[PDB]
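A short worksheet on the structure shown next.
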Amino acid sequence: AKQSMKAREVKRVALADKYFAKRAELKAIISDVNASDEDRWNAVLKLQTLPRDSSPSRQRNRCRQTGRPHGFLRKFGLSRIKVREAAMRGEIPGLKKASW
Amino acid sequence: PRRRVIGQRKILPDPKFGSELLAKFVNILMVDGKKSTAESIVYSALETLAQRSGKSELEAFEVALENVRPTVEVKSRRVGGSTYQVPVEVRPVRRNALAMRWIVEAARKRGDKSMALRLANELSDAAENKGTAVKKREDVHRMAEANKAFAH
Amino acid sequence: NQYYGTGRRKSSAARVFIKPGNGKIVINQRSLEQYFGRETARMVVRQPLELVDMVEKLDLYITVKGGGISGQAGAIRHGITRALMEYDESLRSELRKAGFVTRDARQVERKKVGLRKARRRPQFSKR
Amino acid sequence: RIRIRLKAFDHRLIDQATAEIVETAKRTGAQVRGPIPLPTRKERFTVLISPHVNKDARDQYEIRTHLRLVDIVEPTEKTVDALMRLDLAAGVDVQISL
Amino acid sequence: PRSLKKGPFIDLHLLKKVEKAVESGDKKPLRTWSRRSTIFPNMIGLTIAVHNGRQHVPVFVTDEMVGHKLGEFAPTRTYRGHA
Amino acid sequence: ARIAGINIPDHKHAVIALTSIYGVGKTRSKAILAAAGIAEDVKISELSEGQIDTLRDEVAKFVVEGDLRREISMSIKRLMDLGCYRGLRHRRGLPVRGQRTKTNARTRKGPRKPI
RNA sequence: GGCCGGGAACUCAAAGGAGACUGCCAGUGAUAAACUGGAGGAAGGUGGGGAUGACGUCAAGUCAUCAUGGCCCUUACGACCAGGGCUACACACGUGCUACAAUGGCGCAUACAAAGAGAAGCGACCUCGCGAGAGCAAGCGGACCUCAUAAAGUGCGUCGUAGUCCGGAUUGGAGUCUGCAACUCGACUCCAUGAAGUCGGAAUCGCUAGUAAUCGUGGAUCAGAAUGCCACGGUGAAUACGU
Ligand SMILES: [Mg+2]
Ligand SMILES: [Mg+2]
Ligand SMILES: [Mg+2]
Ligand SMILES: [Mg+2]
Ligand SMILES: [Mg+2]
Ligand SMILES: [Mg+2]
Ligand SMILES: [Mg+2]
Ligand SMILES: [Mg+2]
Ligand SMILES: [Mg+2]
Ligand SMILES: [Mg+2]
Ligand SMILES: [Mg+2]
Ligand SMILES: [Mg+2]
Ligand SMILES: [Mg+2]
Ligand SMILES: [Mg+2]
Ligand SMILES: [Mg+2]
Ligand SMILES: [Mg+2]
Numbered sequence: 002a003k004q005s006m007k008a009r010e011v012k013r014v015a016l017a018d019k020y021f022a023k024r025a026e027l028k029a030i031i032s033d034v035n036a037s038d039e040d041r042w043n044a045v046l047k048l049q050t051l052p053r054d055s056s057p058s059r060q061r062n063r064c065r066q067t068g069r070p071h072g073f074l075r076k077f078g079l080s081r082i083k084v085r086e087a088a089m090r091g092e093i094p095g096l097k098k099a100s101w
Numbered sequence: 002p003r004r005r006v007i008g009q010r011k012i013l014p015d016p017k018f019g020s021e022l023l024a025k026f027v028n029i030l031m032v033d034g035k036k037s038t039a040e041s042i043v044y045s046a047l048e049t050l051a052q053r054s055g056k057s058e059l060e061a062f063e064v065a066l067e068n069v070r071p072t073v074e075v076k077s078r079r080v081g082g083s084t085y086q087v088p089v090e091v092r093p094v095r096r097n098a099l100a101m102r103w104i105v106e107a108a109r110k111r112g113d114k115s116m117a118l119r120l121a122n123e124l125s126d127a128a129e130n131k132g133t134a135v136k137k138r139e140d141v142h143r144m145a146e147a148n149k150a151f152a153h
Numbered sequence: 004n005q006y007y008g009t010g011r012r013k014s015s016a017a018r019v020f021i022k023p024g025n026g027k028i029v030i031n032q033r034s035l036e037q038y039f040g041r042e043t044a045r046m047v048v049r050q051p052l053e054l055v056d057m058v059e060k061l062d063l064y065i066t067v068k069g070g071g072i073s074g075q076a077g078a079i080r081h082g083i084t085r086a087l088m089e090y091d092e093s094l095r096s097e098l099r100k101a102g103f104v105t106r107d108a109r110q111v112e113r114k115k116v117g118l119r120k121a122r123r124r125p126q127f128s129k130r
Numbered sequence: 005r006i007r008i009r010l011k012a013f014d015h016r017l018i019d020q021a022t023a024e025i026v027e028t029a030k031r032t033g034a035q036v037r038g039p040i041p042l043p044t045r046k047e048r049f050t051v052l053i054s055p056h057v058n059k060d061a062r063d064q065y066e067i068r069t070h071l072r073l074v075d076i077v078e079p080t081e082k083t084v085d086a087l088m089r090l091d092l093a094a095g096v097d098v099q100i101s102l
Numbered sequence: 002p003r004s005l006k007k008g009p010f011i012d013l014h015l016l017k018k019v020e021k022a023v024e025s026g027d028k029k030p031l032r033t034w035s036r037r038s039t040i041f042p043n044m045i046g047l048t049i050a051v052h053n054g055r056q057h058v059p060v061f062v063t064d065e066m067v068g069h070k071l072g073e074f075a076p077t078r079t080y081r082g083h084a
Numbered sequence: 002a003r004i005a006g007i008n009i010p011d012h013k014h015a016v017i018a019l020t021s022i023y024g025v026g027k028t029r030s031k032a033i034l035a036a037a038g039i040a041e042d043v044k045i046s047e048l049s050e051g052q053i054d055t056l057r058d059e060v061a062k063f064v065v066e067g068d069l070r071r072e073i074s075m076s077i078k079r080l081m082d083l084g085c086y087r088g089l090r091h092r093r094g095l096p097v098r099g100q101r102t103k104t105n106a107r108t109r110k111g112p113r114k115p116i
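Chains as they are written, first to last, in the entry's author numbering: chain n, 2 to 101; chain g, 2 to 153; chain i, 4 to 130; chain j, 5 to 102; chain s, 2 to 84; chain m, 2 to 116.
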């Protein structure tokens, strides 16, 4: 894909793992049942302050080589085309054509 | 088919009568692969008919069977746009198949409350030539009677 | 001594023990009628011992696993026939002539890519 | 008492590894139970083989994982020390627990 | 929708603007792009121009509008009819 | 068999018959009978005036018939008068709950209107 | 309570072997190739299923997976952000799901599978809630723990042919969960409502056996979002004279 998309993905990963702990603590405060609704209101208002790119839900899986955003497989980290290409040359250990 | 390779497949006897023909009837009556329902239905109907007749299930079923089975049918044969209706004989196994199929299809089209009652009433009627199945047999016989000029 | 037998059918496997006795039949620590509510299964189980007529002259201890109802009944047939062979060899031709000895190898076919089922195809239109 | 679990994508390599492990353990003096074969794992994948459209053209692939267990009873202090130093072949995952 | 134990949802900048407007008299209409923000009773009598995608539609908050969201009063599709 | 202003059948069981009230479903009917000690499979025909009175008093605990119609009418009128998205969808006679419109949507549009 | 002591017989697991070869018998045949039948055997003539696609055709599809000749833009045809749209709606077609019921709907009780996944994960037990769920919290990197009671079936009772105790579209009210954020535009729960539909014109599709038909279960994608796709078992038919 375009280089811009790859840059955006890298930046999103950086922001997410930079703000992970603070997001965790604020979300833990909000999710609690034994608390003060004023504290919950303050925590809600504070959670919006962070940049939107710090959410892990803002990241899209992509091929490690080409950047294709469709057809991903979590086990290998590649889309279908590159999986087949590499697998046909014996570069993925233990993988072979199936028949049963 | 073009090859003529098939043979014939084995059929199991019925549960509590030791008859193959009743098993074939149950198979004809079965839907969706639910054989237990069909066998219970046919058993109930046969029991009711035996009670209302007194002979047995076996020969009562047989007597209804001679009254519906055919003896000659027609086959089409295209010549020049129209078709010859050539009459040909029927093998006994096909006689039984056609009789059972006509019986079941006639019984399925009725207005009683249960399928067992439908089947019992229809087959009791057919035992003495009053149902729609015997009417279909008569129509087939008449149509085969008309076109015997082409029976070589 | 107990005579052993093993039967397999569809996805069901059964093991059978036969000894001299007064006609008791036990399946999975239950009676014959308790295990199989279906009558066809009962005649299926009892066919072999009835062909040779040692129903009340033997005692049968059977267990089953896997599959459904008819598969378990067929496995029971196979096991009892093999145990009867192991108990007496003069009966082999008699049970072979009835088809009891052949092992039924019919399995379920796999689903194939592009088809709704093993053989059913999707609906096709010319235009 | 020792549990040892071996994992491999290929059965020949893991069989040779199990043989050398059990022979080394037995030459020390301890007794062995096994090897016991655990169920093999099969993982399957199905992918499209065309860059664009053509839905019904696909390939199917399989990965197999073989796993076996060996038990060491009455271990000697020399047995375990010879056990770590065996340096099993690459491609075989070894787990040792006590 | 929004779980009861979490309360409503409002935007901090919008809340700040609303308070600063209310405490200083009924000023000019307030431009906003926040359409996911629910309506509070403090908003009654105000005029808020909500973005719809291309322009800013003025909404005059009344007592009946409390509870819903702003975007409900700014349609985003234009349709007159067919043929 | 004269409850809340309607005639209910007499050849039916209690639970089935009581659903004829606009505002009473199966669960509410079961709860109503369970609060008055009448067996579910007992017809309206075999009941004494005291029993019908007890049923009427139980049914009076709920909003039924004309009041429910007035409620629904007032709510839908409120929606149409606000001018919200749901109000416009009510005005237009089009799906309200985000269903697809390119096709289907016949139970809300009606029979096809050709060109 | 295979629960314990125990046993390596049995199911099973996974490595290594045997086995099926027109091998034997009879007949036809041109002594040939081969064909029809029989014995033994778990299996008989390619036992069943999958993988495996010759030389080429259609200037067939893909410059948006990627790679690349030539052309084109460079304060923009490149870059960043918020909001919206891809979800519209007089209409026409393709592929599906659910029905129009008594071989059925509903209530109570009880049998029998296979295959698969699990660490920013699967999550028991106990308590609260009618419910989706919430609180506390073992075990598991797994033939050990969790997912996770299989459904159709069976026995008993009711409904007795009615647009119904069939059908579940649309609509109102009150909520749960994921997620910064459910208006446009998520899934799910509860109460209320109860539309067309009584088997479908001219036409037209699939299937030769564990197949069609019917009943359930799992996985990839995935914060959440399957009636689609890819897999797994239960029950289990009719017919093939012929070209
Ligand atoms: Mg690039
Ligand atoms: Mg995503
Ligand atoms: Mg596993
Ligand atoms: Mg033979
Ligand atoms: Mg032979
Ligand atoms: Mg072209
Ligand atoms: Mg081309
Ligand atoms: Mg083109
Ligand atoms: Mg292009
Ligand atoms: Mg944007
Ligand atoms: Mg689209
Ligand atoms: Mg219903
Ligand atoms: Mg009807
Ligand atoms: Mg309801
Ligand atoms: Mg074929
Ligand atoms: Mg299946």
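Ideal Cβ positions, reconstructed from N, Cα and C, are used throughout, including at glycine.
Could you give the DSSP three-state label for residue i: helix, strand or coil?
i	result
n/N43	helix
j/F49	strand
g/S77	strand
n/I31	helix
j/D91	coil
i/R45	helix
m/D11	coil
m/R90	helix
n/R53	helix
m/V16	helix
i/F103	coil
m/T55	helix
j/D14	coil
m/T28	helix
j/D75	strand
Taking 7 Å as the CB-CB cut-off, is residue i touching chain s?
i	result
m/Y86	yes
n/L46	yes
n/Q49	yes
Report yes or no: is there a C-beta of chain i within less than 7 Å of the C-beta of residue i?
i	result
g/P88	no
g/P2	no
j/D14	no
Does chain j have any CB closer than 7 Å to the CB of residue i?
i	result
n/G95	yes
n/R81	yes
i/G69	no
> Is there contact here, the stretch 64 to 72 of chain s with the stretch 38 to 51 of chain s, by at least three beta-carbon pairs under 8 Å?
Replying inline: yes
>> Taking contact to mean 3 or more Cβ pairs, one atom from each stretch, closer than 8 Å, check whether the stretch 23 to 43 of chain j and the stretch 75 to 87 of chain j are in contact.
In response: yes
> Quick check: the stretch 12 to 30 of chain s against the stretch 48 to 60 of chain s, are there 3 or more CB pairs under 8 Å?
Replying inline: The stretch 12 to 30 of chain s vs the stretch 48 to 60 of chain s: in contact.
> Are the stretch 32 to 47 of chain g and the stretch 120 to 135 of chain g touching by the rule of at least three beta carbon pairs closer than 8 Å?
Replying inline: yes
>> Could you check whether the stretch 53 to 65 of chain i touches the stretch 25 to 36 of chain i, counting it as contact only if at least three pairs of C-beta atoms, one from each stretch, sit closer than 8 Å?
In response: yes
> When the Cβ atoms of the stretch 77 to 95 of chain n are set against those of the stretch 49 to 66 of chain n, are three or more pairs found closer than 8 Å?
Replying inline: yes
> Taking contact to mean at least 3 C-beta pairs separated by less than 8 Å, is the stretch 24 to 34 of chain m in contact with the stretch 59 to 69 of chain m?
Replying inline: yes
> Would you call the stretch 137 to 153 of chain g and the stretch 84 to 96 of chain g in contact, with 3 or more CB pairs under 8 Å?
Replying inline: yes
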